[PDB]
Amino acid sequence: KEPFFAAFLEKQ
Amino acid sequence: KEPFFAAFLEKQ
Amino acid sequence: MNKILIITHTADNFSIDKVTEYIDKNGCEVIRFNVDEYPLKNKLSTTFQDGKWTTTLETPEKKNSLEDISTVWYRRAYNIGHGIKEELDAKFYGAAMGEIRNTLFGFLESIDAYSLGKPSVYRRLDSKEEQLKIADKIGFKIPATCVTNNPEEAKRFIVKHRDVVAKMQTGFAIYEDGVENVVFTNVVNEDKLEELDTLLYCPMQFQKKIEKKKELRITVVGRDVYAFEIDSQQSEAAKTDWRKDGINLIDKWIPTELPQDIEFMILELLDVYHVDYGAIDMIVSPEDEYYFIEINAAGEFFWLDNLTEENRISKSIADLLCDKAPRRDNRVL
Amino acid sequence: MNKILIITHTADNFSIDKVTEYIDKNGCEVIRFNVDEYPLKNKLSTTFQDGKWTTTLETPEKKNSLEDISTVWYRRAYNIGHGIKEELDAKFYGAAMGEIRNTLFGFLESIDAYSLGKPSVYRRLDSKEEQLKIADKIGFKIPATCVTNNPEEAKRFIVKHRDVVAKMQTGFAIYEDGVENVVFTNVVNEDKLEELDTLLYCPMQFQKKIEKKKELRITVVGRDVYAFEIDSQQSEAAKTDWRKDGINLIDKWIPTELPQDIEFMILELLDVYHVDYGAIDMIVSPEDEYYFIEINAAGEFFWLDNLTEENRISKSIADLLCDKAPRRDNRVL
Amino acid sequence: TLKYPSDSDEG
Ligand SMILES: Nc1ncnc2c1ncn2[C@@H]1O[C@H](COP(=O)(O)OP(=O)(O)O)[C@@H](O)[C@H]1O
Ligand SMILES: Nc1ncnc2c1ncn2[C@@H]1O[C@H](COP(=O)(O)OP(=O)(O)O)[C@@H](O)[C@H]1O
Numbered sequence: 001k002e003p004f005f006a007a008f009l010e011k012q
Numbered sequence: 001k002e003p004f005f006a007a008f009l010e011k012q
Numbered sequence: 001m002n003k004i005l006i007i008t009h010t011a012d013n014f015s016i017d018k019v020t021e022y023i024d025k026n027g028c029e030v031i032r033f034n035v036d037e038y039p040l041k042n043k044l045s046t047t048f049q050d051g052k053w054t055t056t057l058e059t060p061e062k063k064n065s066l067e068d069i070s071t072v073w074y075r076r077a078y079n080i081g082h083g084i085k086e087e088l089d090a091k092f093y094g095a096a097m098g099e100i101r102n103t104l105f106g107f108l109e110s111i112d113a114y115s116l117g118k119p120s121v122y123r124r125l126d127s128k129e130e131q132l133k134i135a136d137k138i139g140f141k142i143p144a145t146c147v148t149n150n151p152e153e154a155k156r157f158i159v160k161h162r163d164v165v166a167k168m169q170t171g172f173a174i175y176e177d178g179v180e181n182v183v184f185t186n187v188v189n190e191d192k193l194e195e196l197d198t199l200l201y202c203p204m205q206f207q208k209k210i211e212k213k214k215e216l217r218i219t220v221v222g223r224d225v226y227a228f229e230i231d232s233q234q235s236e237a238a239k240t241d242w243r244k245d246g247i248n249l250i251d252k253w254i255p256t257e258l259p260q261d262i263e264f265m266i267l268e269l270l271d272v273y274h275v276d277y278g279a280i281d282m283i284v285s286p287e288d289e290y291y292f293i294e295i296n297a298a299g300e301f302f303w304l305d306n307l308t309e310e311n312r313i314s315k316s317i318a319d320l321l322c323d324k325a326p327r328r329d330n331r332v333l
Numbered sequence: 001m002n003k004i005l006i007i008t009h010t011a012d013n014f015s016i017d018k019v020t021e022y023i024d025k026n027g028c029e030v031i032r033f034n035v036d037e038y039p040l041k042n043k044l045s046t047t048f049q050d051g052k053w054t055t056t057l058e059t060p061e062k063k064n065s066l067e068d069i070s071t072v073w074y075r076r077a078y079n080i081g082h083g084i085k086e087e088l089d090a091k092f093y094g095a096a097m098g099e100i101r102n103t104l105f106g107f108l109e110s111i112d113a114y115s116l117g118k119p120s121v122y123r124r125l126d127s128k129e130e131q132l133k134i135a136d137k138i139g140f141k142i143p144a145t146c147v148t149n150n151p152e153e154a155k156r157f158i159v160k161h162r163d164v165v166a167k168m169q170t171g172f173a174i175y176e177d178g179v180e181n182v183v184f185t186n187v188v189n190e191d192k193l194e195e196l197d198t199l200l201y202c203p204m205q206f207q208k209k210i211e212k213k214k215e216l217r218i219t220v221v222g223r224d225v226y227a228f229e230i231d232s233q234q235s236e237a238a239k240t241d242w243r244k245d246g247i248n249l250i251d252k253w254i255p256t257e258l259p260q261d262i263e264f265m266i267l268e269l270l271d272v273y274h275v276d277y278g279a280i281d282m283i284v285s286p287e288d289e290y291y292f293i294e295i296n297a298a299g300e301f302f303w304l305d306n307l308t309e310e311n312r313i314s315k316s317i318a319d320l321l322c323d324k325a326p327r328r329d330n331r332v333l
Numbered sequence: 001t002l003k004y005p006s007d008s009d010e011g
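First to last, the protein sequences are chains U, V, A, B and T. With the first letter of the first sequence counted as 1, position 1 gets the number 1 in the entry's author numbering; the numbers rise by one all the way through. With the first letter of the second sequence counted as 1, position 10 gets the number 10 in the entry's author numbering; the numbers rise by one all the way through. With the first letter of the third sequence counted as 1, position 77 gets the number 77 in the entry's author numbering; the numbers rise by one all the way through. With the first letter of the fourth sequence counted as 1, position 52 gets the number 52 in the entry's author numbering; the numbers rise by one all the way through. With the first letter of the fifth sequence counted as 1, position 3 gets the number 3 in the entry's author numbering; the numbers rise by one all the way through.
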């Protein structure tokens, strides 16, 4: 699955 | 290529 | 005559240039040890024979002896052993890079001359929790903080403080869907609050969001303090005044002067750590209170040194490395 | 009662059971932090809010408050993040492990109570070069040493010093055919000075071969010094490296008493490093010369502790952690 | 290299 910080990925 | 210590490898 | 060892990499030749010029004028010699070229393109050797120590470094440019250096300046290495991956078989790569890194970091630790940067010191500064605790002890105001992997603890903290940013202590980036995606510090909103249960697999650092009236970068070289600010409030105000159109100094750091208590506490922070270089981040809220965010022992300075007159930060570093400025003496015996 | 935090892992009861028993006998509580189960099976939270710091370690059975501990023992940190690899998607795994390690070790560094072991300290003592330099400064006899990736420097060292052994600074297992092979200390064949070509790709540590009349392991707990001896030269396998026959020689160790100058110098080594635990390996040569070989900042003690009467080393460690023995105080502010 | 005495703190 995905960790929490993956929800904070943004464009560039 | 192998490093130097590779010559001294042996099974524990 | 006095020799000064500087640890860098090949791509960084620009910030070190003015420091090297000012060291040359100061009357000392600079020995450049580019760390990505070890062990492929440089050869390093420490020997103990007949009760005497000798350390020699062989470069494509020069051949030097290092056991008699006056000081060392270790800019933290992020890429060593360039080219080793292509030369060695896969089964040996991890162990070989481990041995290379340990040998080089061990040499850098063993230097008993004055040091601006050392592996154990950089490793100690990796603890952001200790940074926050020490800054709170000194008297700095720090944001409310919760470093956790507990979903319920994080949720309680977020509902309590109601305006929370979430950051990692170490970043992350990945190329996906045809573009690079980076993780940024961002507020925890209702949508991200759904994914709080995933905190079980990896922790995160939550913090009360400080509203930015000013943003501060403080470079400390020994006891020389250089403060730079971005005034978000005055920038946003100027954006309404027609007389300021086209003048976008709003995005550029401007040199500024700290309140004497803040500067006292900054110097005290460097005293507690017993280091002679620091890059501190601060936020000034609308209520004009100063919030410590973090200190980077390896923070870059060239971008802001170019905003001084004739590279004053580079001159500070050069004077410090040549023992022409007060130091926090860290010589090993 | 006082709380002692013990950083260990689930496969480490063998070295901590007696220490825990003696701490309980001393009247202090033990909080065991198994770092395998971080962050999957236990929760770690550090919060600063309303001017107060709290740290909670929550296991499925117990919530422990860590902000008011009186001592931490950084004993072992094996297999941190065990089980995450099977939970997280592969693209996030390395970054998540980096974040988990930064958080855990940064909490460990941020403990301001008295600490027996810390990340920065252990990583400083990773530098074997600084160990040998400090031992030489103290007055220890150390073997002739050359650490290098330069083949011709090694060749000169090997011809000047005829009997020479080769050594790795790090420990590592390389897998071949599912078999784990490792590199002991081996004597350098003096015809095999071809093949030192390889030396450019990864350095090594060469030393003058010390003939072993006996081999010494000295476990120091504060100012308590337990010295043990072994006769290594009765096994043709254990003759250059006793660990090559360690499991057979594990119960052949005998208590010994050091000359008073050697003991004073060992205590001075621990004073210079400012640590209260050490495992010093030395070699006594036929001419009765004591050679300092290494200090392990986190070495094992249980197998020698079980050769004493009623686990004296574990008792000394428990007394040091419970503040019933003199310390080299390392509290932070 | 060997860890019969496994004196490393990391693993
Ligand atoms: N407690 C806080 N409240 C408000 N803003 C914060 C807080 N902590 C950090 N920030 C902001 O979050 C940002 C984090 O920067 P980051 O995402 O790494 O981008 P950059 O690469 O520009 O640093 C900083 O610019 C900082 O101003
Ligand atoms: N200069 C030397 N001469 C002879 N034997 C040595 C020498 N250095 C190390 N050894 C042997 O090799 C073993 C491991 O040495 P060392 O590399 O110092 O420890 P470790 O690998 O456990 O860190 C020692 O137990 C010792 O018996």
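Beta carbons: idealized from backbone N, C-alpha and C, even for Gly.
Using a Cβ-Cβ distance under 8 Å, would A/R124 count as near chain B? yes
Interface residues of chain B facing U/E2 [CB-CB closer than 8 Å]: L88, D89, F92
Hey, would you say the C-beta of B/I283 is under 7 Å away from at least one heavy atom of ligand 3? Within the structure as shown, ligand 3 is missing, the only ligands being ligand 1 and ligand 2.
Are the CB atoms of B/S110 and B/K3 within a distance shorter than 8 Å? no
So is U/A6 in contact with chain B if we call contact Cβ pairs under 8 Å? yes
Rounded to whole angstroms, what's the CA-CA distance from B/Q205 to B/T148? Just pull it up for me. 7 Å
Are there any heavy atoms of ligand 2 lying less than 7 Å away from the beta-carbon of B/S232, as far as the coordinates show? yes
Determine the chain A residues that contact B/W53 at a beta-carbon separation under 8 Å, and present them in chain order. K133, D136
Heavy atom of ligand 1 less than 7 Å from the Cβ of B/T256, yes or no? no
Could you name the residues of the stretch 223 to 238 of chain B whose beta carbon sits closer than 8 Å to any beta carbon of chain A, in the order they occur along the chain? none
Return yes when the C-beta of A/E215 is under 7 Å from any heavy atom of ligand 1, and no when it is not. yes
Using 8 Å as the cut-off, can you tell me whether the stretch 279 to 294 of chain A makes contact with the stretch 209 to 227 of chain A, which would need three or more C-beta pairs spanning the two stretches below that distance? yes
Would you call the stretch 298 to 309 of chain A in contact with the stretch 244 to 251 of chain A, where contact means no fewer than 3 C-beta pairs closer than 8 Å? no
Bridge-paired residues (DSSP) for B/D224: B/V221
Does the CB of B/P60 have a neighbour CB from chain A at under 8 Å? no
Among the residues of its own chain, which have a CB less than 6 Å from the CB of A/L125, if the five just before and after it don't count? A297
So the candidates are A/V188, A/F48, A/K18, A/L5; which of them puts its Cα closest to the Cα of A/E29? A/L5
Going along the chain, which residues of its own chain have a beta-carbon closer than 7 Å to the beta-carbon of B/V121, five neighbours each way excluded? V275, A297
Just how far apart, CA to CA, sit A/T46 and A/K18? 30 Å
Taking only beta carbons into account, state which residues of the stretch 199 to 213 of chain B come closer than 7 Å to chain A, listed in chain order. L200, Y201, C202, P203
Quick check: what's the CA-CA separation for A/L258 versus A/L132? 20 Å
Going by the DSSP bridge assignment, what does A/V183 pair with across the sheet? U/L9
For B/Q207 and B/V159, believed in contact at Cβ under 8 Å, the rounded distance: Actually they do not touch by this definition, with Cβ atoms about 15 Å apart.
Can you grab the Cα-Cα spacing for the pair A/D197 / B/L57, in whole Å? 18 Å
With a threshold of 8 Å between beta carbons, is B/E129 in contact with chain V? no
Proximal chain B residues relative to A/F157, where beta-carbon distance stays under 8 Å: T47, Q49
Give me the chain B residues within the contact set of A/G106, using Cβ-Cβ distance strictly less than 9 Å, ordered along the chain. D126, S127, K128, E129, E130, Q131, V147, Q169
For B/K208, which three-state DSSP category applies? strand
Determine the DSSP secondary structure at A/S235, reduced to helix, strand or coil. helix
In chain B, which residues lie with their C-beta within 7 Å of the C-beta of A/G98? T170, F172
Close Cβ partners of B/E211 (< 6 Å) along its chain, the five nearest in sequence each way excluded: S285, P286
Can you list, in chain order, the residues of its chain whose CB lies under 8 Å from that of A/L88, leaving out five sequence neighbours each side? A96
Got a sec: does ligand 2 put a non-hydrogen atom nearer than 7 Å to the Cβ of B/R243? yes
Suppose contacts are defined by Cβ-Cβ distances below 8 Å. Is A/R327 in contact with A/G222 by that definition? yes
Return the CA-CA distance between U/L9 and A/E195, expressed in angstroms with no decimal places. 13 Å
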